[PDB]
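One-letter residues, chain by chain:
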Amino acid sequence: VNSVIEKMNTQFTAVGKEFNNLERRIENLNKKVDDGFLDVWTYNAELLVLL
Amino acid sequence: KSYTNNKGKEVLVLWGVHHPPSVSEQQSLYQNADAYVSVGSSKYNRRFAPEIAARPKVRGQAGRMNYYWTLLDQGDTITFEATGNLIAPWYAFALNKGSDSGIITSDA
Amino acid sequence: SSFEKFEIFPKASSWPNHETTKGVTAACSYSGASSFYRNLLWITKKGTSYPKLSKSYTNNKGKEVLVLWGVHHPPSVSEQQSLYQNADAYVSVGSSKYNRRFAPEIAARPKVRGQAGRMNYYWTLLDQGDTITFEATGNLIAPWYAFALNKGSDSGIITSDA
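Residues numbered from 1 in each chain as written, not as in the entry; some residues may be left out. Chains lettered and ligands numbered in written order. Part of a larger assembly, values for the part shown. Heavy atoms only, no water.

## Some remarks on the side chain of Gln26 of chain B
Residue and element names in this part refer to chain B.
And step 1. Among the structural elements, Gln26 can be located in helix 1 (residues 23-30).
And step 2. On the basis of relative accessible area, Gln26 is assigned to the buried category, the value being 3%.
And step 3. Those residues in contact with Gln26 that sit more than four places away from it in its chain are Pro20, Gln31, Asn32, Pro50, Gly84 and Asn85. (Helix = DSSP H or I, 4+ residues; strand = E, 2+ residues; numbered from the N terminus. Buried < 20%, exposed > 50% of the residue type's maximum accessible area, 1.4 Å probe, protein only. Contact = heavy atoms within 4.5 Å.)

What follows is the structure, encoded as structure tokens:
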């Protein structure tokens, strides 16, 4: 249990950003990045517990 | 008009550029049909010119005003040089460091 | 997802003082003859006299409106003299959140499709309510149609040959 605790790193400050109406492309890229990392982390956590 | 800093830290300077929507208002406020302002430093350098155009009113106003900011370094100076529309800075800020902060929109 | 194409400025009514037709070039050729785009309008003078123009528009459709226009510039001084009788010129587009003056430029440049002039194109989304004003002195390509947009997301572009 102590090994499973100490492998997961704590996360530091992360704040959502801002964009105007002419930078929609970068904003969609930002949302794709955040959702992709979120899906990978929740998949790793559930699979680790289930094994 | 010029200004130097000595505070050892960076200085965040604001200003604005007004333009009225009509020719006669520009004539009334500044007596010069042509005009420009200009901001100069080491790394920042820009001339501004006004424009005059008709546009619908917002908050009972038909004129407009743009706003600008520039970080200074320690040492290096800045010069304002204007002929018709300068909004001069009246205060400014000297910034410290210490990172990892941000904005939270909540109602707690 | 979907739109509705409608007409902001009718070709017959909205332009009494200028020349609506004779706005046609051979680089945009249709069926061998010369033609022009079906959503814009080239505008020249009615008889070597150019009144300074100003025209507004409001929306009421409850949805956003996507408005196009263009700014022409010819490559030579005499062509700018011939088409608009004004050596200096500007156009200007105003709304609540959009505001820009345009000026033409005159410079020599190599021909493409047998043409040495150029033309830039611009678009702006409107909101429900808020208006827009065009105000021009030498080079406006006025919008002749526009679009009212719906919603319904998750679509895109596919380049294929199936």
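There is more to say, and it comes next.
## What about the layout of surface pockets?
And step 1. Put simply, the largest pocket is a space of about 1,400 Å³.
And step 2. Broken down by secondary-structure element, the contributors of at least two residues to the lining of the largest pocket are strand 2 (11-19) and strand 5 (64-72) of chain B together with strand 10 (99-102) and strand 11 (118-126) of chain C.
And step 3. In terms of residue count, strand 11 of chain C provides more of the lining of the largest pocket than any other element does, six residues in total.
And step 4. A per-class count over the lining of the largest pocket returns 16 nonpolar, 13 polar and nine charged. (1 Å grid on protein atoms, 1.4 Å probe; cavity = no way out; pocket = protein on both sides within 12 Å on 5 of 7 lines; lining within 4 Å. Points joined across faces, edges and corners; volume = space filled by probe spheres on them. Nonpolar A, V, L, I, M, F, W, Y, C, P; charged D, E, K, R; others polar.)

## A short note on unusual backbone geometry
All names here are of chain C.
And step 1. Positive phi, normally seen in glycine, also occurs at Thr48, with a value near 55°.
And step 2. As for its placement among the helices and strands, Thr48 is situated in the loop between strand 6 (44-45) and strand 7 (53-57).
And step 3. At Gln85, a residue that is not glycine, the phi angle is positive and equals roughly 60°.
And step 4. With respect to the element layout, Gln85 can be found in the loop between helix 1 (77-84) and strand 9 (91-94).

## Quick look at the pattern of salt bridges
Residue and element names in this part refer to chain C.
And step 1. Following the criterion strictly, the structure yields five salt bridges over all chains and no others.
And step 2. Across the pair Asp127 and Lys97 runs a salt bridge, and its minimum N-O distance is 3.0 Å. With a gap of 30 residues between them, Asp127 in the loop between strand 11 and strand 12 (132-136) and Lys97 in the loop between strand 9 and strand 10 connect regions that are remote in the sequence.
And step 3. Residue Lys97 is classed as exposed on the basis of its relative accessible area of 59%.
And step 4. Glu105 is the partner of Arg109 in a salt bridge, and the nearest nitrogen-oxygen pair spans 2.5 Å. (Salt bridge = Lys/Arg side-chain N within 4 Å of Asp/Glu carboxyl O.)

## Some points on the sheet that holds strand 10 of chain C
Residue and element names in this part refer to chain C.
And step 1. Across the sheet, which stays open at both edges, the four strands sit in the order 7-12-9-10 with antiparallel pairing between neighbours. Across the chains shown, the open sheet's two edge strands, defined by having one partner strand only, are strand 7 and strand 10. Direction aside, the axes of adjacent strands within the sheet are offset by 10° on average.
And step 2. For strand 7 and strand 12, the ladder comprises five bridges, and the chain directions are antiparallel. Across the sheet, residue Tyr57 finds its bridge partner in strand 12, namely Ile132. (Pairing = 2+ DSSP bridges. Axes fitted to C-alpha atoms, helices over the stretch in contact; angles between N-to-C directions.)

## Quick notes on the pairing of strand 9 of chain C
All names here are of chain C.
And step 1. Of the two faces of strand 9, both are covered, the one formed by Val91 and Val93 as well as the one formed by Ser92 and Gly94.
And step 2. Across four bridges, strand 9 lies against strand 10 in antiparallel orientation. Along strand 10, the bridge assignment pairs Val91 with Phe102.

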